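Below: the structure, in structure tokens.
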Amino acid sequence: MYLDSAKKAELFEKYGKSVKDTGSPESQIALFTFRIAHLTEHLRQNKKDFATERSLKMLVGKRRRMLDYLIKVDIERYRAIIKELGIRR
Amino acid sequence: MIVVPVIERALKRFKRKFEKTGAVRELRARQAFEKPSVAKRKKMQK
Amino acid sequence: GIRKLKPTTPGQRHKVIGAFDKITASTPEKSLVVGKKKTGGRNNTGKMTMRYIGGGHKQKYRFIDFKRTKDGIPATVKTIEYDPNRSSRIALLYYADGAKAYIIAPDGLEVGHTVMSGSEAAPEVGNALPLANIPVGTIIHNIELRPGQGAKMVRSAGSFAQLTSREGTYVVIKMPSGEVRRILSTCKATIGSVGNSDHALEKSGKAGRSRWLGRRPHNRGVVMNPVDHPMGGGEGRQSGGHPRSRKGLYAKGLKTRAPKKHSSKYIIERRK
Amino acid sequence: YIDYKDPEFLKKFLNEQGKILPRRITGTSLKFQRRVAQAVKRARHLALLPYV
Amino acid sequence: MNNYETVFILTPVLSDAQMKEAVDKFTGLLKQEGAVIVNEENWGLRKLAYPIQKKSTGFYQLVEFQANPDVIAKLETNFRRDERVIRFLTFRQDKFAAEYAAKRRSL
Amino acid sequence: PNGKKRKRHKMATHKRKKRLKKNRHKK
Amino acid sequence: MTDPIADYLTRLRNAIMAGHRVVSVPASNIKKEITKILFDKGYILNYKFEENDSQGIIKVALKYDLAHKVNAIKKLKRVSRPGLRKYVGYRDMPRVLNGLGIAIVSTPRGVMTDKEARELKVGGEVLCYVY
RNA sequence: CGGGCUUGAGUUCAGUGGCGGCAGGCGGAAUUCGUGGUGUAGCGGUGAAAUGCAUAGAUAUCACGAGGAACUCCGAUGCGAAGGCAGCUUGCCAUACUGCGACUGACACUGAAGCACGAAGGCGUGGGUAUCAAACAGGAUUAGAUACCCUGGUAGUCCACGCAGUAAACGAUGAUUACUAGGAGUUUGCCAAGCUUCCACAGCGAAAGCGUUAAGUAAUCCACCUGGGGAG
RNA sequence: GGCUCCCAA
Ligand SMILES: [K+]
Ligand SMILES: [K+]
Ligand SMILES: [Mg+2]
Ligand SMILES: [Mg+2]
Ligand SMILES: [Mg+2]
Ligand SMILES: [Mg+2]
Ligand code: NA
């Protein structure tokens with residue numbers, strides 16, 4: 001996960017109103033998906049990093065719970081975010 | 001590598017230096033194998 | 001890599017062949033190939049001097065540059081190719097001078113890389129250097145025995161040697177066989193190990209593949225008559241006595257290297 | 001930050017045989033003792049103090 | 001970028017010309033890799049605590065620089081490839097260690 | 001923490017493993 | 001938190017057992033009603049409601065018998081827990097300590113004790129037993 | 001069902017910390033083998049001996065060469081979901097704790113299935129094979145000795161990939177949440193958290209004992225027990 | 001004829 005403050009700020013500006021909104025469900029889902037992809041890339045090389053695995057799984061669980069909250073609150077926002085991120089698979 | 005440059009006084013000094021270093025204690029320890037569980041439990045009991 | 005065949009037939013149940021995952025071209029370079037004739041193990045008098053040779057697929061010979069005397073001319077790796085004449089793969093090179101050559105493909109050499117030969121060459125995989133210029137401890141292959149005569153030593157697929165230390169005009173090298181011996185430091189070697197190390201994992205599966213590769217059936221000596229083999233004869237099965245060849249040469253532990261050979265002065269430790 | 005250089009400084013925590021003195025012998029606290037041991041081992045690797 | 005400090009020892013047989021050649025070779029390799037250099041030092045001849053390669057004296061050189069974390073591997077490959085060097089070490093220095101190094105350079 | 005309780009289980013395990021090792025290699 | 005009413009009862013019980021004089025609880029409407037019922041029935045010395053930026057604080061001053069150094073409250077028991085809810089009619093209202101204790105019960109007429117629940121002929125959820 | 005709030009929860013920022021994981025490089029002490037030099041009457045081992053190695057030149061000592069394995073002192077603490085993690089260094093990751101005058105606004109807890117990880121020993125393929133050492137062989141001790149002791153010694157112990165899924169896998173103590181006394185030490189960032197260890201009030205317990213890291217006071221969910229053997 | 005696939009090239 002090549003993650004830094006500049007990338008986090010760019011993600012928060014892209015998803016969610018204003019760049020200071022680090023806590024929005026959309027911002028959190030975007031951040032989780034970004035580091036999930038990067039951790040997958042790391043694992044394909046370090047196939048024996050069982051600690052980076054299950055950290056990946058805990059990130060996946062967090063993203064799923066945020067998506068379930070979006071289901072319970074506003075379905076249209078969930079459709080928009082999964083369309084913009086290409087999550088469902 | 002205990003060095004005692006120099007006869008009774010020299011021999012007493014060498015023996016005292018060897019005792020302070022504790023080479024005989026580690027030699028007695030290295031004469032046999034001890035399980036890590038045995039070492040950990042001995043340390044816990046002591 | 002290897003490819004394990006599924007057991008659709010009994011002749012395929014135990015067959016493992018190579019995956020051919022490193023080969024990048026299927027056609028050889030026309031100017032560097034020539035048709036090769038076969039021997040059935042027969043010498044120039046027509047007599048069969050070596051048994052169990054004959055038939056097989058038709059093959060063309062590829063000219064391999066085992067000498068590498070184009071010192072200081074960089075070359076580009078063009079293709080990795082199949083060679084029917086050896087267990088390893090080969091690599092096609094284009095020199096900036098405009099020449100072309102084939103070299104033994106080392107492990108890790110990729111299409112698009114640069115290679116060089118001579119003293120000024122960097123000790124990278126695929127480069128050919130005099131042993132005086134190779135850092136101690138490097139994995140090497142294609143080792144010359146005499147300077148200028150061409151690589152002779154470490155050539156089969158997956159094989160490598162090691163430069164253990166140097167002692168002036170001679171360096172010390174550990175061989176694939178486990179022998180340790182001294183080699184003139186003006187002889188050349190190539191950096192890296194020979195590729196296609198999975199060649200040893202292949203299983204023919206059936207007798208037909210040996211026939212394709214050009215081998216003929218080998219007959220045991222105990223199932224012959226005494227007139228043919230010293231180990232033949234008897235009523236029913238018999239052990240044949242002490243194992244030996246048709247000329248009575250013992251086949252268990254009798255040494256055949258000439259006891260007064262001069263090269264034994266350069267052999268530090270022996271292992272067969 | 002104790003430097004792996006200044007070996008003369010580094011011998012302050014070593015005994016006559018060159019070994020590392022226990023934390024109870026001197027007044028060190030755990031963080032400083034860990035830093036001292038790391039510096040001593042770095043200098044031993046760099047051949048600034050003997051291994052024996 | 002990241003602050004690094006490398007200390008390496010050369011054999012005591014080469015002269016000052018070969019000193020300059022080898023140290024400039026390493027410096028140029030770092031510069032080509034893209035590193036800026038903070039401080040190059042030279043402790044000269046030092047008696048090693050233990051013999052290295054059957055030799056008891058060496059030539060100590062220190063380089064503190066800044067680089068991307070990708071050039072360290074190339075630096076060690078060059079170090080291993082060079083038969084003149086006998087013992088090298090590198091350290092990534094944090095904020096506290098960099099502050100100490102800055103104080104040492106100031107003094 | 002009597003000891004006989006574990007001794008009985010140890011005996012049973014010994015018997016079962018002996019049975020299995022005797023039955024191996026026979027078909 | 002799983003049962004705020006049980007937590008309130010536990011805080012009171014632990015303060016009594018430790019011998020404290022004042023216990024502070026996070027505030028809630030039903031908890032305020034329970035505190036009012038306790039003060040009316042005479043189990044606690046006093047109470048106070050504080051409205052800070054949070055949900056608020058209920059400060060309860062307990063009652064000790066200076067004659068015998070014994071608290072006015074002996075047992076507090078939660079009856080209808082989240083894992084098993086209990087509702088009774090006015091005919092089957094429980095009697096606590098043979099009528100010498102109280103049973104705080106929530107009824108459609110409000111939160112009251114089993115005595116007035118029986119009087120008004122209304123049932124509901126049996127919150128707790130106090131004696 | 002609809003709306004609101006910030007305490008729970010999470011995201012951000014900052015500070016600090018670590019034998020936490022994976023991967024690449026480097027190092028010294030010790031041990032084994034080979035070659036050469038000095039030297040000759042024993043070495044080794046035990047309660048005592050013998051087997052064993054040695055004048056066709058051992059043990060001992062010096063140098064050259066080669067290879068494998070483990071990391072003294074620090075060092076009892078710390079980290080990790082657990083199993084476990086300790087030479088040095090770097091790269092790539094993960095994560096804990098504290099605070100924020102930042103953000104979202106109950107987004108939480110538990111969890112039958114299922115999935116992942118999971119000491120040692122064991123199995124398959126290929127490397128490697130120094131020490132130690134099941135099986136085995138020899139010498140002793142014994143009424144015998146299929147052992148304890150001694151001398152050898154093969155799988156194994158090491159690496160990569162893949163199986164297997166067990167333990168006194170233990171704190172013999174499932175996970176969350178809130179509350180309730182004192183002493184004595186101890187690690188970390190500022191008196192105070194967040195830990196990590198021992199006496200010990202109330203209370204609990206059959207007792208031994210537990211006691212703010214509960215086996216106390218309560219709430220939620222999961223697992224498991226119902227006399228012993230037969231019988232996992 | 002070319003195309004596809006394959007290795008024994
Ligand atoms: K045959
Ligand atoms: K004959
Ligand atoms: Mg016949
Ligand atoms: Mg017969
Ligand atoms: Mg048994
Ligand atoms: Mg159990
Ligand atoms: Na194995």
Side-chain angles (χ1 to χ4, degrees), chain A residues 5 8-9 12 16 18 21-25 27-28 31 39 42 46-55 57 62 65-66 68-70 73, chain B residues 26 33, chain C residues 17-18 20 26 28 56-60 82-84 164-165 172 174 180 200-201 208-209 211-214 268-269, chain D residues 13-15 18-23 29-30 33-34 36-38 40-42 44-45 47 51, chain E residues 4 50 69 72-73 76-77 79-80 87-92, chain F residues 8 12 16, chain G residues 1-7 9-11 13-15 17-20 23 26 53-55 78 81-83:
Chain A
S5 310
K8 289 202 214 187
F12 297 152
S18 146
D21 183 342
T22 76
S24 211
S27 319
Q28 288 177 37
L31 176 63
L39 283 186
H42 171 90
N46 294 143
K47 204 86 55 53
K48 291 269 138 172
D49 212 329
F50 300 139
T52 303
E53 316 236 32
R54 102 177 266 277
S55 266
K57 300 293 299 190
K62 284 164 105 149
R65 268 179 262 122
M66 266 303 159
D68 297 346
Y69 174 68
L70 264 207
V73 159
Chain B
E26 70 97 7
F33 183 79
Chain C
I17 56 163
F20 307 119
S26 84
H57 209 287
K58 187 194 229 188
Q59 294 171 336
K60 290 208 272 247
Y82 178 88
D83 196 347
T164 294
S165 71
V172 170
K174 197 175 178 49
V180 170
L201 293 182
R209 185 154 190 284
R211 303 309 301 270
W212 306 337
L213 292 175
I268 295 134
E269 313 170 20
Chain D
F13 310 98
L14 313 177
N15 88 9
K19 292 179 160 55
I20 304 190
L21 284 172
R23 190 163 74 81
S29 88
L30 246 175
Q33 178 71 19
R34 295 184 179 170
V36 157
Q38 195 202 23
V40 165
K41 288 198 269 272
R42 279 169 166 192
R44 286 192 189 136
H45 200 327
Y51 271 107
Chain E
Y4 299 103
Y50 48 89
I72 316 292
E76 325 283 50
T77 50
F79 267 136
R80 267 178 283 130
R87 170 81 28 97
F88 63 94
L89 206 40
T90 180
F91 317 91
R92 153 106 163 261
Chain F
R8 305 195 257 270
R16 189 199 328 127
Chain G
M1 170 84 21
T2 67
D3 191 348
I5 299 164
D7 175 61
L9 297 190
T10 296
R11 281 185 192 249
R13 192 192 305 112
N14 288 349
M17 206 180 330
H20 293 351
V23 49
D53 58 310
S54 204
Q55 58 200 72
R78 178 94 157 117
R81 34 199 198 81

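So that the names make sense, note that chain A is the first sequence line, chain B the second, and so on, each numbered from 1.
Scanning for side-chain hydrogen bond (donor to acceptor under 3.5 Å, both in side chains) contacts around C:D83 gives C:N85, C:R86, with sequence neighbours left out. Checked against ring-ring contact (aromatic ring centres under 6.0 Å, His included), C:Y82 has no partners two or more places apart in sequence or in another chain. Not counting sequence neighbours, the partners of D:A47 by the side-chain contact (heavy atoms from CB on, under 4.5 Å) test are E:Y50, E:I52, E:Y60. For C:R209, the side-chain hydrogen bond (donor to acceptor under 3.5 Å, both in side chains) partners two or more places apart in sequence, or in a different chain, are C:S204. Listed by chain and residue number, G:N52 satisfy the side-chain contact (heavy atoms from CB on, under 4.5 Å) test with G:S54 (two or more places apart in sequence, or in another chain). Partners of A:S55 according to the side-chain hydrogen bond (donor to acceptor under 3.5 Å, both in side chains) rule, which considers only residues two or more places apart in sequence or in another chain, do not exist here. By the side-chain contact (heavy atoms from CB on, under 4.5 Å) test, G:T2 is found to be paired with no residue, residues two or more places apart in sequence or in another chain being considered. Here G:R78 pairs with G:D3 under the salt bridge (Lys or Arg N to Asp or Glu O under 4.0 Å) rule; sequence neighbours left out.
Closest approach to the A:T22 side chain among H:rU89, H:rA102, I:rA8 is made by H:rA102 (side chain taken as heavy atoms from C-beta onward). Listed nucleotides H:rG91, I:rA9, H:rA181 differ in distance to C:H57; the shortest reach to its side chain belongs to I:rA9.
Taking only side-chain nitrogens and oxygens, E:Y4 comes nearer than 4.0 Å to OP1 or OP2 of H:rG91.
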Table of protein N/O atoms under 3.5 Å from nucleotides 160-167 of chain H N/O atoms:
from: H:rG162; atom 1: OP2; to: A:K48; atom 2: NZ; distance (Å): 3.1

Report, one pair per line, the protein and nucleotides 223-231 of chain H atoms (nitrogen or oxygen only) whose separation is under 3.5 Å.
none

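Rounded to an integer number of Å, the gap from A:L39 CG to H:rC92 P is 14 Å.
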RNA chain I base-pair string [pairs: Watson-Crick or G-U under 3.5 Å; |: paired with another strand]: .........

Summary of protein contacts for nucleotides 215-220 of chain H, nucleotide by nucleotide, where a base hit scores B, a sugar-phosphate-only hit scores S (4.0 Å, heavy atoms): -BBSBS

